[PDB]
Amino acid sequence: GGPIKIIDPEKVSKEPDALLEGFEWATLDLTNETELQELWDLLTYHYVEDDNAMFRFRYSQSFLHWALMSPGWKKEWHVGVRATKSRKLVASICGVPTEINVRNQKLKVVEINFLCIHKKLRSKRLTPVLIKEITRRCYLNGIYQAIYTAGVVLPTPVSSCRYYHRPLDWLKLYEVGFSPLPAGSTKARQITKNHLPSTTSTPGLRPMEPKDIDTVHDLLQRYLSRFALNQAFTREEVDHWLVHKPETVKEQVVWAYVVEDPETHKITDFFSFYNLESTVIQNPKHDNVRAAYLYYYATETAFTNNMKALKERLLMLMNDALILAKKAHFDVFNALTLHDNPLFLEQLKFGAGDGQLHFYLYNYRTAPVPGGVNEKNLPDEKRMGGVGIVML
C-alpha cells in the first residue's frame, strides 16, 4: 500500500476558497466556553440521526473538549462557517492528529470528525468545500493523509464493521423505541433475558489509575499490533484517552478498568468504554438514551494465540464491562465487530444492529481490511485481525 499522490508544499494555497454568499470561514477556539457551546448547539440539533428520525447523537460539551483537544491538537483544524450578519455558526468540520499503522507502515494522519451542516443549508454542495478547506489546513501543517469513519457508503471504504447492542435497561430502551417487544413475549421476560450479575467476576479488577499508564501503554500497543489497521498510541494518548480526570472534567466521558493480577500485581488486562447519549426526538416519557460504547481493551491471554482461551478471558472481562456500565446507569452497551469482538458479542447477548460503520483513508491506498464480519454481515472469528482502531 502507500500514498496516492505527493503534495507539493510550495503550491499549497495560503488563502481559502470562496463560500456561499453571506457566509464566512471561522476558526473555532474550543478553549473558549462560548465557542464550545456554539459547536454543541450546532451538533445537538443538526448532527447524525437514524433513518427513522427517532434519535440524534448528543455529544456532550465534556466529550467535545475530550475528542477535540487531544495530544497534538491545533485550533486551525477546528473549522467553522459563520453567517456574516448574525455571526451564527452554521457548519463544522474538525480534525485531531494521530499516527496509525496500516499493514506495518506507520503514517502521520488527521482523524476527521464532526462534519456537520445546518439543516437549512443542506444539499448545497457545501460539504466538498468544507472538506477541501480542512484538507488545505492540514497540508499547510505537513499532514497529507486522513482516516475517518461514517455510517454511509462513500468511495473506496477500507473496511466495514457492524454495530451490536447489549441492553442494560431493557424497559427504558423499549419505551424509547430502541428495542422491540418480540412478540410472544413480555416485559418481565425481556428483563430476565437481559439480567446481569450485581458484582464483577474478574479477580483484581479495579478502575484505571495514572500509575497504570506505562503498563497499559505497553499491553495496548502489543495487543493492537495484532491488527492490520491500528492506532499507534503514544504515552500522552494513553493518558488522554483512557484516564478520566475528575478534578478538571465534571461530566465523565471515559471509563477505564484494569486487572491487577492477584499474585504478581502486573496489569494483565484492561478495558474501557465512553459515554455518548442520543436525544430521543419525540417521546413523552424520555428525552435521552445513555449509551456506553466499548472503546479500547487488551489482555495478555491474546499472546498465546489460543482462541478458546482468548474467548473465555473476553467473555469474563466483557461481562464485567457490562456490569460496570449498568452500575454507572447506562441504558445500552454498544460495540462493533472490530478487534476480537466477534468472540463474545452474541454469547454476551448483544443484538445485531442495523447500523454499519465504514472506515476510510484519504490519500492512502491499501488492500481491503477484514472488519469482523462475513459476506452475510454476521460476526465471524475468521475475519478478525483487521480493524484495531476505534473512532468516536
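The term rigid core refers to the most C-alpha atoms you can superpose between the two forms while keeping them within 1.5 Å. We number the residues from 1 along the sequence you see.
S.K.: Compare 183-191 with 123-131 and report which one shows the larger root mean square C-alpha deviation from this form in 8 other deposited structures of this protein once the rigid core is superposed.
M.R.: Most displaced of the pair in 8 other deposited structures of this protein: 183-191.
S.K.: Which is farther from the shown form in 8 other deposited structures of this protein in C-alpha RMS with the core fitted, 174-182 or 315-323?
M.R.: When 315-323 and 174-182 are compared in 8 other deposited structures of this protein, 174-182 lies farther out.
S.K.: With respect to the recorded C-alpha B factors, which stretch has the higher mean value, 146-154 or 172-180?
M.R.: According to the entry, 172-180 carries the higher average C-alpha B-factor.
S.K.: Quick check on the record: does 91-99 or 296-304 carry the larger mean Cα temperature factor?
M.R.: Taking the mean B-factor of the alpha carbons in each, 296-304 is higher.
S.K.: For the C-alpha B-factor as written in the entry, point me to the maximum among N275, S272, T199, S86.
M.R.: It is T199.
S.K.: Which of these has the highest Cα B-factor in the record: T127, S159, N230, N283?
M.R.: It is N283.
S.K.: Hey, what third does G1 fall into on Cα B-factor, ranked over its chain?
M.R.: Highest third - that is where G1 ends up once the chain's C-alpha B-factors are sorted.
S.K.: For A335, does the deposited CA B-factor place it in the lowest, middle or highest third of the chain?
M.R.: Lowest third of the chain for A335's C-alpha B-factor.
S.K.: Is the Cα B-factor recorded for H329 in the lowest, middle or highest third of its chain?
M.R.: Tercile = highest for this residue's CA B-factor.
S.K.: Taking the C-alpha B-factors as the PDB entry records them, is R365 in the lowest, middle or highest third of its chain?
M.R.: For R365, whose C-alpha B-factor we compare with every modelled residue in the chain, the answer is the highest third.
S.K.: Please place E49 in the lowest, middle or highest third of its chain by C-alpha B factor as given in the entry.
M.R.: According to the entry, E49 has a C-alpha B-factor in the chain's lowest third.
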